[PDB]
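Below, each chain spelled out in residue letters.
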Amino acid sequence: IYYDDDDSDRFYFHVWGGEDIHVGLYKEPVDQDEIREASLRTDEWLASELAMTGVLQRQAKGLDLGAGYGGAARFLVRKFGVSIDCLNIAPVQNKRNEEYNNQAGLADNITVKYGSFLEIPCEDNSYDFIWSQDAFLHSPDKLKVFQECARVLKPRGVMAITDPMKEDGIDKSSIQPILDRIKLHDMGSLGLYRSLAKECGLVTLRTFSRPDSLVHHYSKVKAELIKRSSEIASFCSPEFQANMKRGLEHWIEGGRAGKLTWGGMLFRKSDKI
Amino acid sequence: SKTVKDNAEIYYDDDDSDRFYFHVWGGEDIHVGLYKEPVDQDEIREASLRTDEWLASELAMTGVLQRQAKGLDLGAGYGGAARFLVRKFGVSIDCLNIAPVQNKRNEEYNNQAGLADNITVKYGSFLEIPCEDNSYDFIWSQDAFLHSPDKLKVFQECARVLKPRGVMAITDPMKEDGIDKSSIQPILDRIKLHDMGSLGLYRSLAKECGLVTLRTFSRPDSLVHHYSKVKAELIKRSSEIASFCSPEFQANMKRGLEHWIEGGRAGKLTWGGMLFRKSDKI
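**Some details on a nonpolar patch on the surface**
Residues and elements named next belong to chain B. Where nonpolar side chains cluster on the molecular surface, the patch consists of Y11, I98 and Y123 and spans about 330 Å² of accessible area. Here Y11 is to be found in the loop between α1 (2–10) and α2 (12–25). Overall, the relative accessible area of 36% leaves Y11 in the partly exposed class.

Right, dumping it as structure tokens:
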């Protein structure tokens, strides 16, 4: 097999604990900004966009696809009083998520579920909303992910998603170095996600493209990886670190070259806005 | 002289549209709003302020909105955004606007506000910004580029007047990338444009001019909600405004509104937002 995603997880957990980090919204001067704070800004931003669609009512039922340690779930529960089902393929993360929810006294509001985006273990028309942050990048079968999302959304339910991606019109051949470093076949784009969503009865409400966030974020991640090199070397090997750095440099350069972006979208399960 | 006259009369549609917006919302300018569900219960004023807060927040994250930073408002209208930015950030704003009655009211509002040392109002065209090279820390333009022909010249002037590493924040009703003009002819005809801006075109033009695209936003939901709410308000105020926004004018405005709404729902049209920086990279 290959262990890069595993060892990437080890590195993220070593630095940030069971606090979930995703691509952040950074404030100038970026050098002095912190990844943790910028990630929180993303959470706040995406939650505020989602709130506007009206789905974040007290007691509304949300699904977190690629929930990690459950950080966004706890953030949403506390802010809006929703309930959240977390879905995540990684049993260790699942155990800690549940531990964190118990400790927080939020276990009656958050359920942690094992499984796959390709086979969501839930009834059709179950959810008022879906929240998915930077998780679709790692699923090969994008149509099937969107079919599953549309299936488990209630009519008029809204999905908010974010994902590192390529720009529309960029060929796989143009981005092969990064795909080699992150061990993916290809990546999504706003154009693809929109047409797929539409095939599944999800209308695009709004989209975002933040290649500046992509560049800032992965620059920051690279600096932290560099800083922690000796400290993590027993479980994140020197050769793994080199490969990860190369991958981060590709995100940064692809972003500056107009090939790659950090995209965000809201969809509603409706034929029309 | 015929051209001046004919163009003046064509332009009564723009003038009477302004009479309508001014009648309801006065000198605090309205642009495409960010609406909260249930949209029918939301107010246009509140949504248009959400847009101003959002755009200003995006701009602030770039570092350009320091006290005494100098910005240029392209298509400033009655100066509402300029007053909003000055009170919030303590920047200085030069407004550039083609409508001299709007400019005069703008100055009057700034004088009453006690903001005349921070806001200047200049008459002119985006094709010939009456300012020196490298003058501005930032440019703000809300829904103004829509009407400009010669989009390349607009972006050339924007880049010229920005300082190095200056930032521009714009919003504009637009067509979706990949939509041919042949497919939005009713709306191009109804509002009298050859073709429309789009995120892809603006990015390409900006890049040609040394402006890198930092981020973009497409909100066809806002486009649909905003024009639906404006149409509802026009119907609400029909008899109240009929002396100065004629019945025939109202019918023409309503048709144009319907075209924006229909194009939004058809996935042909959107409301775009972008930030650029004057630099080779990022």
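Still more to cover.
**Concerning the pairing of strand β5 (residues 153–166) of chain A**
Residues and elements named next belong to chain A. Burial runs high along β5: 11 of the 14 residues are buried. For strand β4 (residues 127–133) and β5, the ladder comprises six bridges, and the chain directions are parallel. Within β5, the position partnered with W131 by the bridge is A160. Bridge count between β5 and strand β7 (residues 260–269): nine bridges; the pairing is antiparallel. Of the residues in β7, the one forming a bridge with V158 is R268.

**Thoughts on the domain arrangement of chain B**
Residue and element names in this part refer to chain B. Per the domain assignment, the segments making up chain B are domain 1 (2–42 + 181–191 + 219–271) and domain 2 (43–177 + 192–218 + 279–281). Relative placement of domain 1 and domain 2: their C-alpha centres are 21 Å apart. Taken residue by residue, the interface counts 39 residues in domain 1 and 37 residues in domain 2. For the pair domain 1 and domain 2, the summed buried surface comes to about 3,300 Å²; carbon and sulfur atoms form 54% of the total. There are two salt bridges connecting domain 1 and domain 2. For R45, the salt bridge is made with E28, and the minimal N-O distance between the two is 3.6 Å. Where domain 1 packs against domain 2, one counts 23 residue pairs in polar contact. When contributions to the side of domain 1 that touches domain 2 are tallied by element, the ones reaching two or more residues are α2, α7 (185–191), α9 (220–236) and β7 (269–278). A total of seven residues in the side of domain 1 that touches domain 2 trace back to one element, the largest contributor, which is α9.

**What to know about helix α4 (residues 80–89) of chain B**
Residues and elements named next belong to chain B. Across the 10 residues of α4, eight count as buried, placing the element largely inside the fold. When α4 is considered as a whole, its buried residues turn out to be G80, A81, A82, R83, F84, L85, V86 and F89. Of the surrounding elements, those touching the buried residues of α4 are α3 (44–61), β1 (70–74), β2 (92–97), α5 (100–113), β3 (119–123) and β4 (136–142). Positive phi shows up at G90, right after α4, with a value of about 65°.

**Description of the interface of chain A and chain B**
Taken residue by residue, the interface counts 28 residues in chain A and 27 residues in chain B. Buried area between chain A and chain B, both sides added, is near 2,200 Å², and the carbon and sulfur share of it is 49%. Applying the counting criterion to the chain A and chain B interface returns eight salt bridges. For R194 of chain A, the salt bridge is made with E176 of chain B, and the minimal N-O distance between the two is 2.9 Å. Joining chain A to chain B, the criterion identifies 12 residue pairs in polar contact. Sort the elements by how many residues they give to the side of chain A that touches chain B and strand β6 (residues 202–209) of chain A lands first, with six residues. The class makeup of the residues in the side of chain A that touches chain B is nine nonpolar, seven polar and 12 charged.

**Regarding the packing of aromatic side chains**
Remark: the centre distance and the inter-plane angle together describe each pair of aromatic rings, the angle taken between the planes. In the structure shown here, the tally under the stated rule is 26 aromatic pairs over all chains. With centroids separated by 5.4 Å and ring planes inclined at 65°, the aromatic side chains of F146 of chain A and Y193 of chain A adopt a geometry described as edge-to-face. Of this pair, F146 of chain A sits in helix α5 (residues 142–152) while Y193 of chain A sits in helix α7 (residues 190–199); the two residues are 47 residues apart in sequence, bridging distant segments of the chain. In terms of burial, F146 of chain A and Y193 of chain A fall into one category: buried. Taken together, a centroid distance of 5.5 Å and an interplanar angle of 90° make the contact between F145 of chain B and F155 of chain B edge-to-face. Taken as a pair, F145 of chain B in the loop between β4 and α6 (151–161) and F155 of chain B in helix α6 lie far apart in primary sequence, 10 residues in all. Pair check on accessibility: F145 of chain B and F155 of chain B agree, each one buried. Residue placement shows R105 of chain B over the ring face of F22 of chain B; its charged tip is 4.4 Å from the ring centre.

What counts and what doesn't
- Sequence order as written determines residue numbers, which begin from 1 on each chain and need not coincide with the entry numbering; residues that lack coordinates are not included.
- All chains are assigned letters beginning with A, and all ligands numbers beginning with 1, in the order in which they are written.
- The side-chain figures draw on all heavy atoms in the structure; neither hydrogens nor water molecules are used.
- The residues that make up patches have over 30% relative accessible area and no salt bridge, and they are joined within 9 Å when like-charged or within 5 Å when they are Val, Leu, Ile, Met, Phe, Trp or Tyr.
- Accessible surface area values rest on a Shrake-Rupley calculation with a 1.4 Å probe, where residue burial reflects the displayed protein chains alone.
- Salt-bridge detection follows one rule: a side-chain nitrogen of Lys or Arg within 4 Å of a carboxyl oxygen of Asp or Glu.
- The way it works is that DSSP assigns letters per residue, a run of H or I at least four long becomes a helix, a run of E at least two long becomes a strand, and they are numbered from the N terminus.
- When accessible area is computed with a 1.4 Å probe and restricted to protein chains, residues below 20% of their type maximum are described as buried, those above 50% as exposed, and intermediate ones as partly exposed.
- Any two strands are treated as partners once DSSP identifies two or more bridges connecting them.
- Domain boundaries shown here were taken from an automatic or database domain assignment.
- Contacts: residue pairs with any heavy atoms within 4.5 Å of one another.
- Note: buried area is the sum, over both parts, of the accessible area (probe 1.4 Å) each one loses when the two are combined.
- Any N or O atom pair separated by 3.5 Å or less is treated as a polar contact, with the protein-specific requirement of one donor-capable and one acceptor-capable atom, and with residues adjacent in sequence counted only for side-chain atom pairs.
- When residues are grouped by polarity, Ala, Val, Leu, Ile, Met, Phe, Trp, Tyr, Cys and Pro land in nonpolar, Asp, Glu, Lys and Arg in charged, and all others, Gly among them, in polar.
- Here the aromatic set is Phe, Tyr and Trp, taking the six-membered ring for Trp, and pairing holds for ring centres within 6.5 Å; pairs whose planes are under 30 degrees apart are stacked, those over 60 apart are edge-to-face, and all others are tilted.
- Working rule: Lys NZ or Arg CZ, within 6 Å of ring centre, within 35 degrees of ring normal, means a charge sits over the ring.

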